[PDB]
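Okay, model.cif is below, mmCIF, C-alpha atoms:
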```
data_protein
#
loop_
_atom_site.label_atom_id
_atom_site.label_comp_id
_atom_site.auth_asym_id
_atom_site.auth_seq_id
_atom_site.Cartn_x
_atom_site.Cartn_y
_atom_site.Cartn_z
CA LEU Z 252 139.22 72.52 107.14
CA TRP Z 253 140.46 69.95 104.61
CA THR Z 254 139.18 67.13 106.82
CA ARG Z 255 135.75 68.73 107.27
CA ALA Z 256 135.57 69.55 103.55
CA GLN Z 257 136.54 66.00 102.60
CA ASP Z 258 133.82 64.69 104.92
CA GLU Z 259 131.19 67.06 103.49
CA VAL Z 260 132.24 66.23 99.92
CA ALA Z 261 132.07 62.52 100.77
CA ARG Z 262 128.53 63.00 102.09
CA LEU Z 263 127.60 65.00 98.98
CA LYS Z 264 129.02 62.39 96.60
CA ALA Z 265 127.37 59.60 98.61
CA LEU Z 266 124.02 61.39 98.28
CA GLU Z 267 124.32 60.85 94.51
CA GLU Z 268 124.15 57.06 94.99
CA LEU Z 269 120.77 57.33 96.75
CA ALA Z 270 117.32 56.57 95.33
CA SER Z 271 114.43 59.04 95.55
CA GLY Z 272 110.79 58.13 96.00
CA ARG Z 273 109.00 61.49 95.44
CA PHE Z 274 109.60 62.79 98.98
CA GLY Z 275 110.86 59.36 99.97
CA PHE Z 276 114.32 57.81 100.02
CA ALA Z 277 116.14 54.58 100.76
CA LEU Z 278 119.66 53.20 100.85
CA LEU Z 279 120.99 49.68 100.37
CA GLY Z 280 124.40 48.08 100.56
CA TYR Z 281 126.58 45.49 102.21
CA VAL Z 282 127.95 45.24 105.76
CA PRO Z 283 129.74 42.44 107.66
CA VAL Z 284 127.87 40.29 110.15
CA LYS Z 285 130.39 41.21 112.87
CA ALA Z 286 129.24 44.86 112.62
CA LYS Z 287 125.49 44.23 113.05
CA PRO Z 288 125.64 45.53 116.63
CA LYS Z 289 127.64 48.57 115.51
CA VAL Z 290 125.15 49.18 112.69
CA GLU Z 291 122.28 48.84 115.18
CA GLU Z 292 123.97 51.32 117.52
CA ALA Z 293 124.40 53.68 114.56
CA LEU Z 294 120.71 53.22 113.71
CA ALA Z 295 119.84 53.96 117.35
CA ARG Z 296 120.48 57.66 116.63
CA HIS Z 297 117.90 57.65 113.83
CA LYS Z 298 114.98 60.07 113.88
CA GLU Z 299 112.25 57.41 114.17
CA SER Z 300 114.54 54.35 114.46
CA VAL Z 301 114.26 53.69 110.73
CA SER R 2 103.79 50.31 107.37
CA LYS R 3 104.88 52.90 109.94
CA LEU R 4 106.94 54.73 107.32
CA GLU R 5 103.94 54.72 104.94
CA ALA R 6 101.85 56.08 107.82
CA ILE R 7 104.21 58.93 108.67
CA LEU R 8 104.85 59.96 105.04
CA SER R 9 101.12 59.80 104.25
CA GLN R 10 100.50 61.84 107.42
CA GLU R 11 102.98 64.55 106.40
CA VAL R 12 101.78 64.80 102.79
CA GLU R 13 98.13 64.82 103.89
CA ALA R 14 98.83 67.50 106.50
CA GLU R 15 100.60 69.67 103.94
CA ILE R 16 97.86 69.39 101.30
CA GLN R 17 95.46 70.25 104.16
CA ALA R 18 97.63 73.30 104.91
CA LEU R 19 97.63 74.22 101.20
CA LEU R 20 93.81 74.07 101.22
CA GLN R 21 93.66 76.30 104.32
CA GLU R 22 96.16 78.89 103.02
CA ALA R 23 94.65 79.15 99.52
CA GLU R 24 91.03 79.38 100.66
CA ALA R 25 91.79 81.88 103.44
CA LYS R 26 93.65 84.14 101.00
CA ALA R 27 90.87 83.82 98.40
CA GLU R 28 88.16 84.66 100.95
CA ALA R 29 90.18 87.68 102.10
CA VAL R 30 90.35 88.77 98.44
CA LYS R 31 86.61 88.28 97.84
CA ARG R 32 85.44 90.04 101.03
CA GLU R 33 86.95 93.36 99.92
CA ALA R 34 85.14 93.12 96.57
CA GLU R 35 81.84 92.40 98.32
CA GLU R 36 82.26 95.34 100.72
CA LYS R 37 83.24 97.49 97.72
CA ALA R 38 79.96 96.47 96.08
CA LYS R 39 77.94 97.35 99.20
CA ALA R 40 79.62 100.72 99.82
CA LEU R 41 79.36 101.50 96.10
CA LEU R 42 75.60 100.94 96.38
CA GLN R 43 75.72 103.27 99.41
CA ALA R 44 77.50 106.10 97.57
CA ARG R 45 75.34 105.50 94.46
CA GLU R 46 72.12 105.85 96.44
CA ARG R 47 73.61 108.90 98.18
CA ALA R 48 74.20 110.60 94.81
CA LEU R 49 70.70 109.63 93.70
CA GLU R 50 69.41 111.08 96.99
CA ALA R 51 71.12 114.34 96.00
CA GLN R 52 69.34 114.02 92.64
CA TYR R 53 65.97 113.56 94.39
CA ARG R 54 66.78 116.65 96.47
CA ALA R 55 67.47 118.66 93.31
CA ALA R 56 64.20 117.47 91.76
CA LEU R 57 62.14 118.43 94.83
CA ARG R 58 63.77 121.87 95.12
CA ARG R 59 63.25 122.70 91.45
CA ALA R 60 59.63 121.48 91.57
CA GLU R 61 59.22 123.78 94.60
CA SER R 62 60.66 126.80 92.77
CA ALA R 63 58.55 126.18 89.65
CA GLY Q 18 114.62 43.95 101.61
CA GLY Q 19 115.68 45.96 98.56
CA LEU Q 20 112.96 44.95 96.11
CA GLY Q 21 110.43 45.15 98.94
CA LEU Q 22 111.49 48.74 99.50
CA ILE Q 23 111.22 49.32 95.73
CA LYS Q 24 107.62 48.07 95.69
CA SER Q 25 106.74 49.89 98.91
CA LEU Q 26 108.13 53.25 97.71
CA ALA Q 27 106.31 52.85 94.38
CA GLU Q 28 103.03 52.25 96.22
CA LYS Q 29 103.86 55.13 98.62
CA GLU Q 30 104.30 57.74 95.91
CA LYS Q 31 101.31 56.37 93.95
CA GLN Q 32 98.81 56.56 96.81
CA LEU Q 33 100.12 59.82 98.31
CA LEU Q 34 100.12 61.63 94.96
CA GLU Q 35 96.65 60.26 94.15
CA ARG Q 36 95.30 61.57 97.48
CA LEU Q 37 97.03 64.91 96.71
CA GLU Q 38 95.32 65.36 93.34
CA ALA Q 39 91.96 64.16 94.70
CA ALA Q 40 92.12 66.88 97.36
CA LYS Q 41 93.07 69.52 94.80
CA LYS Q 42 90.09 68.55 92.62
CA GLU Q 43 87.84 69.06 95.64
CA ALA Q 44 89.59 72.44 96.04
CA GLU Q 45 88.63 73.18 92.42
CA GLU Q 46 85.00 72.42 93.31
CA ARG Q 47 85.26 74.77 96.31
CA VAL Q 48 86.58 77.56 94.05
CA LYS Q 49 83.71 76.98 91.60
CA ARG Q 50 81.06 77.09 94.35
CA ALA Q 51 82.66 80.21 95.86
CA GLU Q 52 82.52 82.22 92.63
CA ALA Q 53 78.99 80.92 91.98
CA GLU Q 54 77.92 82.32 95.37
CA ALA Q 55 79.85 85.53 94.63
CA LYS Q 56 78.03 86.17 91.35
CA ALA Q 57 74.66 85.15 92.82
CA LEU Q 58 75.14 87.64 95.66
CA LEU Q 59 76.28 90.40 93.29
CA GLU Q 60 73.30 89.88 90.99
CA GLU I 52 126.48 73.59 97.42
CA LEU I 53 128.39 70.39 96.66
CA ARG I 54 130.34 72.23 93.96
CA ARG I 55 131.05 75.01 96.47
CA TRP I 56 132.31 72.57 99.12
CA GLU I 57 134.38 70.74 96.49
CA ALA I 58 135.88 74.05 95.38
CA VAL I 59 136.64 74.84 99.03
CA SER I 60 138.37 71.46 99.37
CA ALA I 61 140.33 71.99 96.14
CA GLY I 62 141.38 75.46 97.26
CA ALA I 63 142.47 74.07 100.62
CA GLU I 64 144.49 71.37 98.84
CA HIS I 65 146.11 73.96 96.57
CA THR I 66 146.82 76.18 99.58
CA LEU I 67 148.46 73.27 101.40
CA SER I 68 150.45 72.52 98.24
CA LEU I 69 151.66 76.12 97.99
CA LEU I 70 152.37 76.07 101.73
CA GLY I 71 154.55 72.99 101.23
CA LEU I 72 152.69 70.91 103.81
CA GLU I 73 151.18 67.53 102.96
CA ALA I 74 147.59 66.31 103.16
CA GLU I 75 147.64 64.92 106.67
CA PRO I 76 144.25 63.93 108.11
CA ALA I 77 143.11 65.23 111.48
CA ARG I 78 139.93 66.16 113.32
CA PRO I 79 137.47 68.27 111.28
CA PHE I 80 136.41 71.87 111.85
CA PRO I 81 132.63 71.96 112.41
CA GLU I 82 131.29 75.30 111.16
CA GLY I 83 129.31 76.83 108.33
CA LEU I 84 130.50 76.83 104.74
CA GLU I 85 130.64 80.63 104.48
CA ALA I 86 132.74 81.21 107.61
CA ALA I 87 135.09 78.38 106.64
CA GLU I 88 135.44 79.87 103.16
CA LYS I 89 136.13 83.31 104.64
CA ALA I 90 138.77 81.83 106.95
CA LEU I 91 140.35 79.83 104.12
CA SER I 92 140.41 82.65 101.54
CA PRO I 93 142.43 85.03 103.76
CA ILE I 94 145.33 82.66 104.35
CA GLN I 95 145.12 81.44 100.75
CA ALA I 96 145.25 84.99 99.40
CA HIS I 97 148.16 85.93 101.68
CA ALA I 98 150.09 82.80 100.71
CA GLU I 99 149.30 83.28 97.01
CA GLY I 100 150.51 86.88 97.06
CA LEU I 101 153.61 85.89 99.01
CA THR I 102 154.39 83.03 96.61
CA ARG I 103 153.83 85.22 93.54
CA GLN I 104 156.06 87.95 94.97
CA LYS I 105 158.71 85.38 95.90
CA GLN I 106 158.70 83.73 92.46
CA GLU I 107 158.83 87.12 90.72
CA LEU I 108 161.65 88.32 92.98
CA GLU I 109 163.63 85.11 92.45
CA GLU I 110 163.20 85.39 88.68
CA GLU I 111 164.20 89.06 88.83
CA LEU I 112 167.31 88.28 90.90
CA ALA I 113 168.29 85.48 88.52
CA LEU I 114 167.78 87.66 85.43
CA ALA I 115 169.75 90.49 87.05
CA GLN I 116 172.61 88.16 88.01
CA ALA I 117 172.67 86.69 84.49
CA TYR I 118 173.82 90.02 82.98
CA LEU I 119 175.00 92.07 85.96
CA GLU I 120 178.67 92.91 85.33
CA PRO I 121 178.49 92.91 81.51
CA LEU I 122 175.75 95.54 81.37
CA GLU I 123 177.80 97.67 83.77
CA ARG I 124 180.93 97.29 81.63
CA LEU I 125 179.03 98.09 78.43
CA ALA I 126 177.45 101.15 80.04
CA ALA I 127 180.85 102.32 81.27
CA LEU I 128 182.22 101.89 77.75
CA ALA I 129 179.17 103.60 76.20
CA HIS I 130 178.76 106.38 78.78
CA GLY I 131 179.00 109.14 76.16
CA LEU I 132 176.32 108.10 73.65
CA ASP I 133 173.80 106.08 75.65
CA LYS I 134 170.57 107.54 74.22
CA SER I 135 171.92 110.26 71.94
CA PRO I 136 169.74 110.76 68.84
CA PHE I 137 172.53 110.13 66.33
CA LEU I 138 173.99 106.71 67.19
CA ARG I 139 172.50 103.36 68.13
CA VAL I 140 174.88 101.11 70.06
CA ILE I 141 174.31 97.44 69.26
CA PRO I 142 175.79 95.63 72.27
CA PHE I 143 176.31 91.86 72.02
CA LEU I 144 177.46 89.44 74.69
CA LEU I 145 179.46 87.56 72.05
CA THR I 146 182.05 84.77 72.00
CA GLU I 147 185.80 84.62 72.64
CA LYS I 148 188.59 86.64 71.01
CA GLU I 149 187.51 86.42 67.36
CA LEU I 150 186.76 90.12 67.07
CA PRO I 151 187.92 90.34 63.41
#
```
Write out the structure in this file as structure tokens.
Amino acid sequence: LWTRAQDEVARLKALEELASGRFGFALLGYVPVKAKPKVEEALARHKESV
Amino acid sequence: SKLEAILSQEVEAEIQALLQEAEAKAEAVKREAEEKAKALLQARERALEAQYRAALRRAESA
Amino acid sequence: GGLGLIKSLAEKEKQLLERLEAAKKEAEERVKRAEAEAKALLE
Amino acid sequence: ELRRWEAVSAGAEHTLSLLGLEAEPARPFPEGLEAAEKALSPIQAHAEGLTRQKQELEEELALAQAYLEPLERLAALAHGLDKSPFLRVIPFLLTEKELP
């Protein structure tokens, strides 16, 4: 329960760093070049392949 | 882009749905008032028909 | 990129909200015509 | 909802602290917030009542042991006028043999 609550609280606190576009949203950050395939595989599970 | 297309699609579909919901509810409101007007003319002319009946019967008796 | 998403989201909310209020003004015209026909039929 | 989940996490941390266990990470428990709160609150309430009863009983045992034999000796000495309405008995756990 502490693990699931820490994950949900992390998602909630990370939602505060977002940017809203009046029923629109985006996220920006940094990621290493060696994780571009892992980031693409994570983005493969997107709703419309965002 | 594609994201502009899908967000414009969803917002346009929901303002379309708002149009449909609001105008259907407003027409369902107005129809009862119009039928009230027609049936009120019916009952009004029925009461005035009773008045015409009273006038003919009293002219008969006189 | 980031600033491209900034510009795109600004244009997104601008054009979608402007279409929204244009459609609600045409809804206002529909309401006006409907009560005009209502009062013409009642009179 | 974020405040509710944060309060659930803080209550789980306080329950683990009162349980004596440490914050060890593991696999999460995927469920709703209400059922997880209902599961957490039962164990937290049982542990809180047990810890409060244990702390109160330990304090009571320590306070009883601090003046156990002397209260018995003073009551055995004052077993004739304990609550008689003519004489108050000031008892004092005082120092060594300087009774004058």
Self-check item: Neighbours of chain R in chain Q at 10 Å, counting all atoms listed in the file, as a list in words
Solution: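 Residues passing the distance filter: residues 25, 26, 28, 29, 30, 32, 33, 34, 36, 37, 38, 40, 41, 43, 44, 47, 48, 51, 52, 55, 58 and 59 of chain Q.
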Self-check item: Matched chain/residue IDs from the PyMOL selection byres ((chain Z and resi 277) around 9), as number ranges by chain
Solution: Z: 269-272, 275-276, 278-279; Q: 19, 22-23, 26
Practice problem: Starting from chain I, keep only residues with some atom at most 7 Å from an atom of chain Z, counting all atoms listed in the file, and report them as a ChimeraX atom specification. | Solution: /I:53,56-57,60,63,76-81
Exercise. Starting from the displayed file, determine the output of the PyMOL selection byres ((chain Z) within 10 of (chain R)) and express the residue list as an MDAnalysis selection string.
Key: chainID Z and resid 274:275 299 301
Quiz item: Which residue gives the smallest distance to chain Z among Q:27, Q:35, Q:21, Q:42, with all atoms listed in the file counted?
Solution: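 Result for the nearest residue to chain Z: Q:27.
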Self-check item: Residues within 12 Å of range 99-114 of chain I, all atoms listed in the file, excluding chain neighbours under 4 positions, as a VMD selection string
Solution: chain I and resid 62 65 to 71 91 to 95 118 to 119 122
Quiz item: Between CA of residue 20 in chain Q and CA of residue 291 in chain Z, what is the distance, to one decimal in Å?
Solution: 21.6 Å
Practice problem: List the residues matched by the PyMOL selection byres ((chain I and resi 135-149) around 12) in the displayed structure as a ChimeraX atom specification, ordered by chain and then by residue number. | Solution: /I:117-126,128-134,150-151
Self-check item: Between CA of residue 49 in chain Q and CA of residue 30 in chain R - distance in Å to one decimal
Solution: 15.2 Å
Using 4 Å of padding on each side, determine the axis-aligned box around all atoms of range 113-121 of chain I present in the file and give its centre and edge lengths in Å to one decimal, as lines of an AutoDock Vina configuration file.
```
center_x = 173.2
center_y = 89.2
center_z = 85.0
size_x = 18.9
size_y = 15.4
size_z = 15.0
```
Exercise. Rounded to one decimal place, report the CA of residue 267 in chain Z-CA of residue 58 in chain I distance in Å.
Key: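 CA of residue 267 in chain Z sits 17.6 Å away from CA of residue 58 in chain I.
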Quiz prompt | Counting only C-alpha atoms, the residue of Z:295, Z:265, Z:300, Z:280 that sits nearest chain Q | solution =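 That would be Z:280, the residue with the smallest distance to chain Q.
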Because some atoms of range 258-282 of chain Z are absent here, can you restore N, CA, C and O atoms and send them as a PDB file, keeping the file's coordinate frame?
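Produced file selection.pdb, reproduced below:
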```
ATOM      1  N   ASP Z 258     134.981  65.385 104.375  1.00  0.00           N
ATOM      2  CA  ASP Z 258     133.820  64.690 104.920  1.00  0.00           C
ATOM      3  C   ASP Z 258     132.522  65.187 104.281  1.00  0.00           C
ATOM      4  O   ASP Z 258     131.648  64.381 103.931  1.00  0.00           O
ATOM      5  N   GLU Z 259     132.389  66.506 104.110  1.00  0.00           N
ATOM      6  CA  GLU Z 259     131.190  67.060 103.490  1.00  0.00           C
ATOM      7  C   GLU Z 259     131.095  66.672 102.018  1.00  0.00           C
ATOM      8  O   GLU Z 259     130.003  66.379 101.518  1.00  0.00           O
ATOM      9  N   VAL Z 260     132.233  66.634 101.319  1.00  0.00           N
ATOM     10  CA  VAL Z 260     132.240  66.230  99.920  1.00  0.00           C
ATOM     11  C   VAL Z 260     131.953  64.741  99.792  1.00  0.00           C
ATOM     12  O   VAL Z 260     131.325  64.308  98.820  1.00  0.00           O
ATOM     13  N   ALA Z 261     132.395  63.942 100.768  1.00  0.00           N
ATOM     14  CA  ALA Z 261     132.070  62.520 100.770  1.00  0.00           C
ATOM     15  C   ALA Z 261     130.577  62.308 100.983  1.00  0.00           C
ATOM     16  O   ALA Z 261     129.969  61.461 100.320  1.00  0.00           O
ATOM     17  N   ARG Z 262     129.971  63.085 101.885  1.00  0.00           N
ATOM     18  CA  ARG Z 262     128.530  63.000 102.090  1.00  0.00           C
ATOM     19  C   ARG Z 262     127.759  63.453 100.857  1.00  0.00           C
ATOM     20  O   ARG Z 262     126.745  62.848 100.487  1.00  0.00           O
ATOM     21  N   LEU Z 263     128.262  64.488 100.181  1.00  0.00           N
ATOM     22  CA  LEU Z 263     127.600  65.000  98.980  1.00  0.00           C
ATOM     23  C   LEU Z 263     127.692  63.998  97.834  1.00  0.00           C
ATOM     24  O   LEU Z 263     126.712  63.776  97.114  1.00  0.00           O
ATOM     25  N   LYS Z 264     128.863  63.384  97.647  1.00  0.00           N
ATOM     26  CA  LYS Z 264     129.020  62.390  96.600  1.00  0.00           C
ATOM     27  C   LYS Z 264     128.261  61.106  96.924  1.00  0.00           C
ATOM     28  O   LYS Z 264     127.773  60.428  96.013  1.00  0.00           O
ATOM     29  N   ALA Z 265     128.142  60.766  98.208  1.00  0.00           N
ATOM     30  CA  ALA Z 265     127.370  59.600  98.610  1.00  0.00           C
ATOM     31  C   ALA Z 265     125.873  59.828  98.476  1.00  0.00           C
ATOM     32  O   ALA Z 265     125.126  58.858  98.308  1.00  0.00           O
ATOM     33  N   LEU Z 266     125.424  61.083  98.552  1.00  0.00           N
ATOM     34  CA  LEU Z 266     124.020  61.390  98.280  1.00  0.00           C
ATOM     35  C   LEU Z 266     123.637  61.117  96.834  1.00  0.00           C
ATOM     36  O   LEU Z 266     122.457  60.877  96.558  1.00  0.00           O
ATOM     37  N   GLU Z 267     124.602  61.145  95.910  1.00  0.00           N
ATOM     38  CA  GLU Z 267     124.320  60.850  94.510  1.00  0.00           C
ATOM     39  C   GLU Z 267     123.966  59.385  94.282  1.00  0.00           C
ATOM     40  O   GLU Z 267     123.244  59.079  93.327  1.00  0.00           O
ATOM     41  N   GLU Z 268     124.441  58.482  95.133  1.00  0.00           N
ATOM     42  CA  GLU Z 268     124.150  57.060  94.990  1.00  0.00           C
ATOM     43  C   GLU Z 268     122.814  56.665  95.610  1.00  0.00           C
ATOM     44  O   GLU Z 268     122.490  55.473  95.633  1.00  0.00           O
ATOM     45  N   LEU Z 269     122.035  57.625  96.104  1.00  0.00           N
ATOM     46  CA  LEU Z 269     120.770  57.330  96.750  1.00  0.00           C
ATOM     47  C   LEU Z 269     119.683  57.063  95.704  1.00  0.00           C
ATOM     48  O   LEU Z 269     119.917  57.110  94.492  1.00  0.00           O
ATOM     49  N   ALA Z 270     118.474  56.779  96.185  1.00  0.00           N
ATOM     50  CA  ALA Z 270     117.320  56.570  95.330  1.00  0.00           C
ATOM     51  C   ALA Z 270     116.129  57.320  95.910  1.00  0.00           C
ATOM     52  O   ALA Z 270     115.769  57.108  97.070  1.00  0.00           O
ATOM     53  N   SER Z 271     115.528  58.191  95.106  1.00  0.00           N
ATOM     54  CA  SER Z 271     114.430  59.040  95.550  1.00  0.00           C
ATOM     55  C   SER Z 271     113.088  58.389  95.269  1.00  0.00           C
ATOM     56  O   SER Z 271     112.921  57.662  94.286  1.00  0.00           O
ATOM     57  N   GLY Z 272     112.129  58.657  96.148  1.00  0.00           N
ATOM     58  CA  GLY Z 272     110.790  58.130  96.000  1.00  0.00           C
ATOM     59  C   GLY Z 272     109.700  59.179  96.075  1.00  0.00           C
ATOM     60  O   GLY Z 272     108.645  58.908  96.661  1.00  0.00           O
ATOM     61  N   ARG Z 273     109.951  60.364  95.499  1.00  0.00           N
ATOM     62  CA  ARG Z 273     109.000  61.490  95.440  1.00  0.00           C
ATOM     63  C   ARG Z 273     108.580  61.917  96.847  1.00  0.00           C
ATOM     64  O   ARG Z 273     107.461  61.657  97.296  1.00  0.00           O
ATOM     65  N   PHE Z 274     109.554  62.530  97.538  1.00  0.00           N
ATOM     66  CA  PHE Z 274     109.600  62.790  98.980  1.00  0.00           C
ATOM     67  C   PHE Z 274     109.619  61.467  99.721  1.00  0.00           C
ATOM     68  O   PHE Z 274     108.800  61.205 100.608  1.00  0.00           O
ATOM     69  N   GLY Z 275     110.579  60.633  99.343  1.00  0.00           N
ATOM     70  CA  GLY Z 275     110.860  59.360  99.970  1.00  0.00           C
ATOM     71  C   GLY Z 275     112.238  58.933  99.520  1.00  0.00           C
ATOM     72  O   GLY Z 275     112.676  59.315  98.432  1.00  0.00           O
ATOM     73  N   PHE Z 276     112.945  58.164 100.341  1.00  0.00           N
ATOM     74  CA  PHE Z 276     114.320  57.810 100.020  1.00  0.00           C
ATOM     75  C   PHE Z 276     114.679  56.520 100.736  1.00  0.00           C
ATOM     76  O   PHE Z 276     114.091  56.173 101.763  1.00  0.00           O
ATOM     77  N   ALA Z 277     115.651  55.811 100.171  1.00  0.00           N
ATOM     78  CA  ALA Z 277     116.140  54.580 100.760  1.00  0.00           C
ATOM     79  C   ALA Z 277     117.593  54.390 100.364  1.00  0.00           C
ATOM     80  O   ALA Z 277     118.088  55.010  99.419  1.00  0.00           O
ATOM     81  N   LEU Z 278     118.271  53.520 101.104  1.00  0.00           N
ATOM     82  CA  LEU Z 278     119.660  53.200 100.850  1.00  0.00           C
ATOM     83  C   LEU Z 278     119.864  51.714 101.102  1.00  0.00           C
ATOM     84  O   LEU Z 278     119.273  51.139 102.019  1.00  0.00           O
ATOM     85  N   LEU Z 279     120.698  51.101 100.267  1.00  0.00           N
ATOM     86  CA  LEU Z 279     120.990  49.680 100.370  1.00  0.00           C
ATOM     87  C   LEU Z 279     122.478  49.465 100.138  1.00  0.00           C
ATOM     88  O   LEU Z 279     123.135  50.245  99.444  1.00  0.00           O
ATOM     89  N   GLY Z 280     123.003  48.407 100.740  1.00  0.00           N
ATOM     90  CA  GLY Z 280     124.400  48.080 100.560  1.00  0.00           C
ATOM     91  C   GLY Z 280     124.760  46.809 101.281  1.00  0.00           C
ATOM     92  O   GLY Z 280     123.896  46.010 101.641  1.00  0.00           O
ATOM     93  N   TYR Z 281     126.055  46.642 101.507  1.00  0.00           N
ATOM     94  CA  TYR Z 281     126.580  45.490 102.210  1.00  0.00           C
ATOM     95  C   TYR Z 281     127.263  45.927 103.503  1.00  0.00           C
ATOM     96  O   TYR Z 281     127.740  47.060 103.622  1.00  0.00           O
ATOM     97  N   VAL Z 282     127.295  45.014 104.469  1.00  0.00           N
ATOM     98  CA  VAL Z 282     127.950  45.240 105.760  1.00  0.00           C
ATOM     99  C   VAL Z 282     128.280  43.879 106.362  1.00  0.00           C
ATOM    100  O   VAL Z 282     127.511  42.924 106.184  1.00  0.00           O
TER     101      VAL Z 282
END
```
